[PDB]
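Structure at a glance
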Amino acid sequence: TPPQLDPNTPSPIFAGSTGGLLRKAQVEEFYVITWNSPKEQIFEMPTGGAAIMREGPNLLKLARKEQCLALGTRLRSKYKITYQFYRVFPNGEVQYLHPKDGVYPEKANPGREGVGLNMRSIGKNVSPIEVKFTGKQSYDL
Amino acid sequence: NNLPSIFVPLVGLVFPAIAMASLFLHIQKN
Amino acid sequence: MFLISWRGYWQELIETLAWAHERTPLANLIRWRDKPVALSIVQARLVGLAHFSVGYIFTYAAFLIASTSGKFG
Amino acid sequence: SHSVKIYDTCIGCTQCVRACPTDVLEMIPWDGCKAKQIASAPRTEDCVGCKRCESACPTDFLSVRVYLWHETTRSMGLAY
Amino acid sequence: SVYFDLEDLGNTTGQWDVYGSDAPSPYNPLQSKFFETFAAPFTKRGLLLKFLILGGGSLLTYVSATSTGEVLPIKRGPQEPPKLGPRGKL
Amino acid sequence: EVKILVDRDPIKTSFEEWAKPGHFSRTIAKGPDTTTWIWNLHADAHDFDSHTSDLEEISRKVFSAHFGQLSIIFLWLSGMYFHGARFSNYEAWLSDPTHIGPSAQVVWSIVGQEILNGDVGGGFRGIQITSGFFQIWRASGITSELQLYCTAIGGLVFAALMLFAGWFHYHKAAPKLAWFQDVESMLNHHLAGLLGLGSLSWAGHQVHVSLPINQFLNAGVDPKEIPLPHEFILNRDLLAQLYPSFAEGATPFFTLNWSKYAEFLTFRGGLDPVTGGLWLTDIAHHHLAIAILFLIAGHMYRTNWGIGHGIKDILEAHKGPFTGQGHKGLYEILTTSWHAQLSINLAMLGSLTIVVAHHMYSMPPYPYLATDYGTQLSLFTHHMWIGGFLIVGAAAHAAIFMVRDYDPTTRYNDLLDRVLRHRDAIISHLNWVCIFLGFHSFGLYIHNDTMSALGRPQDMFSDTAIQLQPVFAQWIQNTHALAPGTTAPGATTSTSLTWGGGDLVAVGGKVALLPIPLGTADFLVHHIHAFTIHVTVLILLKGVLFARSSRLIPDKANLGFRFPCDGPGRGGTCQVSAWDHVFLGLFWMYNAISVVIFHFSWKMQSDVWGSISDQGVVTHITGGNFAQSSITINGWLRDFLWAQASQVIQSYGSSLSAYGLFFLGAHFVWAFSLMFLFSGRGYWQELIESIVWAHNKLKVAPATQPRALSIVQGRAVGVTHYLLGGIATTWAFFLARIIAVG
Amino acid sequence: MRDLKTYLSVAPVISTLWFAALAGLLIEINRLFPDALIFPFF
Amino acid sequence: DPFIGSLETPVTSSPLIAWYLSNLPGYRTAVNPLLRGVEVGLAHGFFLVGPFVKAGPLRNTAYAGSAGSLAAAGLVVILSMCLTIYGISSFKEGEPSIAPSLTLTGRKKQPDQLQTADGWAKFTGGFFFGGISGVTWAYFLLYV
Ligand code: CLA
Ligand code: CLA
Ligand code: CLA
Ligand code: CLA
Ligand code: CLA
Ligand SMILES: CC1=C(/C=C/C(C)=C/C=C/C(C)=C/C=C/C=C(C)/C=C/C=C(C)/C=C/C2=C(C)CCCC2(C)C)C(C)(C)CCC1
Ligand SMILES: CC1=C(/C=C/C(C)=C/C=C/C(C)=C/C=C/C=C(C)/C=C/C=C(C)/C=C/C2=C(C)CCCC2(C)C)C(C)(C)CCC1
Ligand SMILES: CC1=C(C/C=C(\C)CCC[C@H](C)CCC[C@H](C)CCCC(C)C)C(=O)c2ccccc2C1=O
């Protein structure tokens, strides 16, 4: 799938709180989650309190990926809404984060490369004495 | 004599401050 | 204190304290270089054990020496 | 970043992928099981160490293993 | 009703000074010149640190050594006659 | 409208559900696979909100449980009355209350425990009781044992009636949901009917029965010569001889010339010199006034008729400067869930219990109660502990509600959202206040200890070197002492003798009450109390507010209310649930209550209690060493713990020996608790594996495979053992000291 | 009757009955023979 | 911005509070740090002189105040040390200022030079000089 863009999406109606962004967002990174709602309704923010999502496209800024994924999974489970989130850097780079292939990870998709596979039982790992004085680890072999 | 009156303040106060400053500077150095 | 109370409570408290330090005026000019976090599990267990042992040894040494030297008999 | 490894005893029940809170694991086609799929952990750098994937795994011993390793801002769960 | 702009990130991430002021200095030029000329030697950092450490140590040692017994009860020493031990020990 | 709605035979009574354990939950009802099943069967027994989702069944179960609890309480009261009637020396104590110790229990003679039958007095041997029941019976006018037997029989009958009522209201006619959701009628009936009418009837009893009998007793008449209580009702001549106002009958009451009843309805205040207690006429007057007030206040809410107030209208139509629209959807929240009501009632009951303990120790309402020190100490400590436990439970139920019954979509409240939107500032400010208070309060004591240990008694914070006096409390005391002179012309004297100013009251050669001085030590102990209370409040509030979610864990509400952790990741997430916060706040409640009771005991023994000779000098139990020895930790350890523990450790071979045994046993239990607080589950599971192998070798393997306790179960066991051991130690020490020395 | 008998056979009820009987027998034995430190029948 | 971890309250955002805080020497961006540090040190030393002479170990003798004054001066020295190291571990020799660049309105403004090696060095020197001067002035005014 080709990554999308989020040029000028508006934001939900919130009154403000103390659970928002901090110095890390200005210094290190933050995250942006965008979705589409068919009607105006009230949802619960991960940072505390309740907000109202405008009908149409909605955009939100958060601090960590866990909050974004929790909000997205709540939206999918309760409202049946498609969502996607990116990560934003101080220099202006925007990196597409949620589904990279265009399909959800729980669904098998052809053309996916396998990482971290060991073709043996968990009890076939070598003893730590065999890998001593080397930079490798037993489970890495 | 009167060596303790000169040596106890030195070990108790000045040397810990010098050591703390040196260790803090060495730790914070990149 | 280190032997019953565990990490999550103190981590949330540290987060709240960090927010409080960041938001206040005349003290946000000073900023830390290492992010403050709560102690680990094994580290807290070790600290509690060290405190327990030090208290044990000091208390018994004081009691024994004082009791044996008060009478000298 | 912690280390997540997958072994060949997996039966492709997709519980670990659903349990992950940071979208670390996904599913790929495979050949040596009835379900014809197997899990993988590409986005290793986003792991926090909650070990929910190990909590949800039916096997004699877990086919997904998490080993704690060098910590960073992401793995420490810091938002400040 | 927008809060995210990619062109600049200072407003998006909230990089402001709440109470900063850019007004000109209110201090009198003559007093400023006097303080600038008289406080110059302490501007250097390493020299200031070395001077502070050495001066503090020397002053503390000199005050401790030169102090008399009136201020410090430890320097006055005992006055009452000594006492015997429990079992008659000296 | 208001109506009676019931359902006929919702459930059928049978023993088929008794045979199969755990029928309420399907997972439990499936069967035992391991031993953990058993530990679950008792944990989820009373969680009615998890068995089903309909409110009707939960309400019916709650009603039946209330009826069963009432039956149990009635059985306990009947047992107490029967013990007072049969095995007691009440009749001997009645004639000479000062020189006889109450006793209502007799021990058998099987093993050698007959040494526990001490010489209480009055030709009796038994265990001295500290429940204060004898004073209650004397104040009620009871002068025989047949009346106590009749009261016990009535209690048994009422307990049976309560049990039958519970069965009837669960299995025969169960009220519908709309019956429980009618709060206006319930409030009207609880205010006007339960409280006003009961107090009015008690005032009538006091006017007709208690006052004449107590007057005859105070005159000096033998208890066997006093006329029976119904003789006063039957014979108006006797009452006319006692109180002439009764000769006029009830005519003055309707004539509005109520002054004629001034003989037995007075406003003097103070303590009665003969018995060292409050006047009974004042008590009857207070009960009458309270009855009038409650009867008037019970007609405020609109039920079934035009006149009245609506609670929802009152809440919604509220406008204020700081509040605003505010309380709009609180009515639905309060009338929807049981947990919010439970938390509110628990907190209110705890506060009321603490206030009750304070008011009871300050102004003794029963005759011959101030001069019995053990009863006073036991009542104070017991009520303080009960109040603390209730206050702790309130926060746990509030957290339970916030976790499992809060949704901002269907039922939204503005105030709760506003509070939840700025929790960080609240937590930070509370943390700073706790740190500051603790630093100052404990640094004062540490500075005093260090200055005294270095031979510098002139640098301490004491009444002689550096004085920190409670000026505001002294001003309040002076105002209260001067109150009846000008501010309250109706009262002859002040309400209590505690206020600085007045005279000393002593009964039978023992001090009853005298003004209590205030100094630096009171200042320090009060600040310590404030510090401990603030820390407990901080812990409970942090537990309640961060229950749904947190910066570390953004989805804590999905895991539930009782979960051990989230995992070894994020650096460690042990003890993140609100249950862990309650389990942690229990310790601080225990600490605070222990400090409070220690302060009360030492101050009362040092500055108030004592004895008086014929000349007029007063000798206190500890000789007034509180003001100079309680300013350092060493003084607290030596002059209180070491000095006052002589009686408990030397009680072997006497009638108090049992107490001494408890003083050891509790200690053991305390240490036992540590085993459950310092270790983990994996070690025990790995040991049980080898034990199970050793069992398997000999063909004695059980089908239910043994399993180590869960983490939450281990924490609960540890905290329970800790609290039980500490409380039992304090109980044994206090009772032994106050019985051997007082 | 079947369900009542099944309930009466549950573990806590049987345990309390057994322990009450044992305690009563021990108490009665200690009452009939007050003190005992050694076995004197032989 | 409702999504920033800060709230707007009458105390935190009022014209009086804003003016009073912006007129404090620690927030004057245009002024060079030495003149601000001098005032800060003067005020801090003048305040610090008191408690040492009022609650010192020798507070009852004739030497008391003098001794207390000396103690106050010593504290200033320690504080100066606590400043110097804080510079060395924070600001490098060639890096620019790290202060915020734009104001609350959005206008671009020159960043403060206090968050720089030379700026912090000037601030510490001025603080030391002002603290010593304030301690001396307080002692002279109190016991002459
Ligand atoms: C390890 C050795 C050590 C030593 C030798 C001292 C020595 C002293 N202590 Mg300190 N102290 C220590 C550790 C030590 N302390 C620790 C661990 C603690 C924490 C509990 C304290 C907490 C403490 C308190 C709470 C107090 C002292 C005070 C004192 C002074 C008591 C003498 C006197 O009666 O006043 C004589 C009169 C004086 C005021 C002396 C004035 C001159 C001093 C020495 C300053 C010289 C200035 C110089 C620039 C110092 C900075 C240089 C830097 C390198 C240290 C003396 C300077 C007392 C004090 O200083 O009063 C405020 C006092 O109140 N100490
Ligand atoms: C925790 C509280 C505590 C407190 C309040 C005190 C207090 C005191 N101690 Mg003790 N002490 C303590 C604990 C404490 N101690 C502990 C734990 C130990 C170790 C065992 C000692 C050991 C000790 C020693 C060894 C000595 C003392 C002595 C003294 C006195 C010396 C005071 C001084 O010189 O410095 C005061 C210095 C200051 C800079 C004051 C700072 C506080 C200011 C006023 C802040 C107020 C804030 C303000 C409201 C801000 C608002 C801002 C707004 C305007 C915008 C003082 C009465 C000394 C003595 O001899 O006294 C008779 C002494 O020699 N103490
Ligand atoms: C004026 C009559 C009246 C009275 C006296 C009471 C009294 C009481 N109610 Mg309330 N209640 C009333 C009206 C009344 N209610 C109405 C109209 C409603 C419906 C809106 C309720 C709804 C209600 C609920 C849902 C519950 C109570 C409970 C209670 C008990 C509280 C326990 C306690 O505090 O110990 C005080 C102890 C005593 C005084 C015991 C004395 C026994 C009393 C006098 C029984 C007679 C009361 C009854 C209303 C009259 C019988 C009618 C029937 C024969 C036809 C107490 C018995 C709670 C309870 O404990 O449940 C059992 C409870 O859960 N009430
Ligand atoms: C006013 C009455 C009251 C009521 C009706 C409830 C009701 C409820 N509570 Mg709350 N609670 C209260 C007060 C109350 N609570 C107080 C005062 C506290 C503070 C301690 C708590 C703290 C609390 C916690 C921490 C929890 C609840 C939970 C629950 C629910 C489960 C009940 C359960 O299963 O226990 C059935 C009974 C037991 C498990 C017995 C345990 C054994 C006890 C602890 C031993 C006491 C021993 C005895 C005093 C000493 C003698 C020893 C001798 C036996 C040898 C239930 C809805 C539980 C829940 O899951 O909610 C959803 C839960 O986790 N409550
Ligand atoms: C007696 C030992 C003990 C002590 C001292 C503490 C101390 C503290 N507890 Mg812990 N705790 C303990 C046991 C103990 N706990 C146990 C058994 C448990 C059960 C698991 C807990 C569980 C617990 C909880 C759940 C909480 C705390 C919190 C706190 C803090 C309260 C704030 C405050 O008062 O700080 C002021 C400081 C003190 C009272 C400590 C003593 C300091 C004295 C005055 C010495 C200072 C001298 C000087 C500065 C030393 C310098 C010398 C050096 C230079 C050589 C404080 C750090 C609360 C918290 O952190 O919130 C703020 C909190 O929420 N504790
Ligand atoms: C102790 C006890 C008991 C007992 C109890 C009793 C004995 C009770 C009683 C009670 C009673 C005995 C009550 C009564 C009441 C009454 C009332 C409540 C009344 C009322 C009245 C009225 C209201 C009136 C009115 C009027 C008027 C105002 C005028 C004219 C007309 C008329 C008359 C109508 C028992 C065993 C159970 C249990 C245990 C404990
Ligand atoms: C605190 C407590 C307690 C106590 C309690 C008590 C003591 C109670 C009481 C109560 C009471 C004391 C009650 C009462 C009630 C009453 C009533 C309920 C009444 C009624 C009445 C009526 C109904 C009447 C009627 C009539 C008549 C008859 C005549 C005229 C007409 C009329 C109709 C009016 C105890 C220890 C348990 C413990 C826990 C807690
Ligand atoms: C001691 C301990 C154990 C072991 C404790 C166990 C196994 C409890 C054992 C309870 C009883 C004694 C077992 C037997 C119960 C049956 C009713 C026995 C029936 C036979 C006769 C006695 C009637 C844990 O499992 C544990 C888990 C987590 C943290 C701390 C700890 C911990 O400290």
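Method-wise, the PDB entry is recorded as coming from cryo-EM, at a reported resolution of 3.13 Å.

1. Remarks on the overall build of chain B
Within chain B, the regular secondary structure consists of one helix and zero strands. Dimensions of chain B, computed from C-alpha atoms along their principal axes, come out at roughly 45 × 10 × 5 Å. For chain B, the proportion of its 30 residues judged to be buried stands at 17%. Accessible surface computed for chain B: about 2400 Å², of which carbon and sulfur atoms make up 75%.

2. Details of the coordination of the magnesium atom of ligand 2
You will see that the magnesium atom of ligand 2 has only one donor from the protein, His 447 of chain F (ND1), lying 2.7 Å away. Structurally, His 447 of chain F is set in helix α20 (residues 423-453).

3. Some points on the sheet that holds strand β1 (residues 3-7) of chain D
Pairing within the open sheet is mixed, and its three strands lie in the order β7(A)-β1(D)-β4(D). Of all the strands in the sheet, just β7 (117-118) of chain A together with β4 (64-67) of chain D have a single pairing partner and so form its edges. Sheet topology places β7 of chain A next to β1 of chain D; two bridges connect them, and they run parallel. Bridging across to β1 of chain D, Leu 117 of chain A finds its partner in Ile 6 of chain D.

4. Thoughts on the packing of helix α23 (residues 520-545) of chain F against helix α25 (residues 578-607) of chain F
Any two packed helices are characterised by how steeply their axes cross, that is the angle between the axes, and by the distance between the axes. Residue and element names in this part refer to chain F. Where α23 contacts α25, the two axes come as close as 8 Å, and the packing angle between them is 165°. Regarding the angle of α23 to α25, the classification is roughly antiparallel. For the pair α23 and α25, the crossing hand works out as left-handed. Taking contact as the criterion, the partners of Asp 522, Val 525, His 526, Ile 528, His 529, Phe 531, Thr 532, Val 535, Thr 536, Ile 539, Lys 542 and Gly 543 in α23 are, on α25, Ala 578, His 581, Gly 585, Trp 588, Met 589, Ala 592, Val 595, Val 596, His 599 and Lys 603. The residue inventory of the contact of α23 with α25, partitioned by class, reads eleven nonpolar, eight polar and three charged.

5. Considering the packing of aromatic side chains
Summed over all chains, the structure comprises 70 aromatic pairs over all chains. Taking the centre distance of 6.1 Å and the plane angle of 45° together, the rings of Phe 598 of chain F and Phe 734 of chain F count as tilted. Of the two residues, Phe 598 of chain F sits in helix α25 while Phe 734 of chain F sits in helix α31 (residues 711-741), which places them 136 residues apart along the sequence. We classify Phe 598 of chain F as partly exposed; its relative accessible area is 23%. You can call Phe 734 of chain F buried: its relative accessible area is 7%. Taken together, a centroid distance of 5.6 Å and an interplanar angle of 40° make the contact between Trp 602 of chain F and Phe 640 of chain F tilted. Note that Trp 602 of chain F is positioned in helix α25 and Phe 640 of chain F in helix α27 (residues 633-642), a separation of 38 residues in sequence. Comparing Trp 602 of chain F with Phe 640 of chain F, the two get one shared label, buried. The rings of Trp 385, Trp 579, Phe 583, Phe 587, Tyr 590, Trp 670 and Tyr 722 of chain F are connected pair by pair, giving a single aromatic cluster. Over the aromatic face of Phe 72 of chain C sits the side chain of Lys 89 of chain E, whose NZ or CZ is 5.1 Å from the ring centroid.

6. Re the pattern of salt bridges
Per the counting criterion, the structure on display carries 45 salt bridges over all chains. The salt bridge partner of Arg 112 of chain A is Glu 26 of chain D, with a shortest N-O separation of 3.6 Å. On the criterion of chain membership, the pair formed by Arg 112 of chain A in the loop between β6 (94-96) and β7 and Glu 26 of chain D in strand β2 (residues 26-29) is interchain, its members lying in two chains. Each member of the pair, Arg 112 of chain A as well as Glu 26 of chain D, carries the same accessibility label: buried.

7. Points about the site of ligand 1
Taken together, the neighbourhood of ligand 1 is formed by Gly 12 of chain B, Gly 56, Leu 59 and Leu 60 of chain E together with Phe 52, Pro 57, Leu 70, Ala 71 and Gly 74 of chain H. Site remark: ligand 1 is flanked by residues from chains B, E and H. Residue assignment for the shell around ligand 1 shows that the elements contributing at least two residues are α3 (45-66) of chain E together with α3 (64-88) of chain H. When its residues are assigned to classes, the shell around ligand 1 shows six nonpolar, three polar and no charged.

8. A few points about the interface of chain A and chain E
With 17 residues of chain A at the interface, the matching set in chain E holds ten residues. Taken together, the two surfaces of chain A and chain E that pack against each other cover about 1100 Å², and 63% of this comes from carbon and sulfur. Here chain A and chain E share four residue pairs in polar contact between them. Sorting the residues of the side of chain A that touches chain E by element identifies α1 (23-27), β1 (30-37) and β4 (56-62) of chain A as the ones contributing at least two each. Among the residues forming the side of chain A that touches chain E, the class breakdown is ten nonpolar, four polar and three charged.

Parameters and conventions
- Residues numbered from 1 in each chain as written, not as in the entry; some residues may be left out.
- Chains lettered and ligands numbered in written order.
- Part of a larger assembly, values for the part shown.
- Heavy atoms only, no water.
- Residues with missing side-chain atoms left out of burial classes, pairs and counts.
- Helix = DSSP H or I, 4+ residues; strand = E, 2+ residues; numbered from the N terminus.
- Buried < 20%, exposed > 50% of the residue type's maximum accessible area, 1.4 Å probe, protein only.
- Areas by Shrake-Rupley, 256 points an atom, 1.4 Å probe, with all protein chains shown as cover.
- Donors = N, O, S within 2.8 Å, 3.2 Å for Na, K, Ca; no water.
- Pairing = 2+ DSSP bridges.
- Axes fitted to C-alpha atoms, helices over the stretch in contact; angles between N-to-C directions.
- Parallel < 35°, antiparallel > 145°, perpendicular 65-115°, else oblique.
- Left-handed = near helix turned anticlockwise from the far one by under 90°.
- Contact = heavy atoms within 4.5 Å.
- Nonpolar A, V, L, I, M, F, W, Y, C, P; charged D, E, K, R; others polar.
- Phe/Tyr/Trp six-rings, centres within 6.5 Å; stacked < 30°, edge-to-face > 60°.
- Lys NZ or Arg CZ within 6 Å of the ring centre and 35° of its normal.
- Salt bridge = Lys/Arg side-chain N within 4 Å of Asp/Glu carboxyl O.
- Near = heavy atom within 4 Å.
- Buried area = accessible area lost by both parts, 1.4 Å probe.
- Polar contact = N/O pair within 3.5 Å; in protein donor to acceptor, adjacent residues only side chain to side chain.

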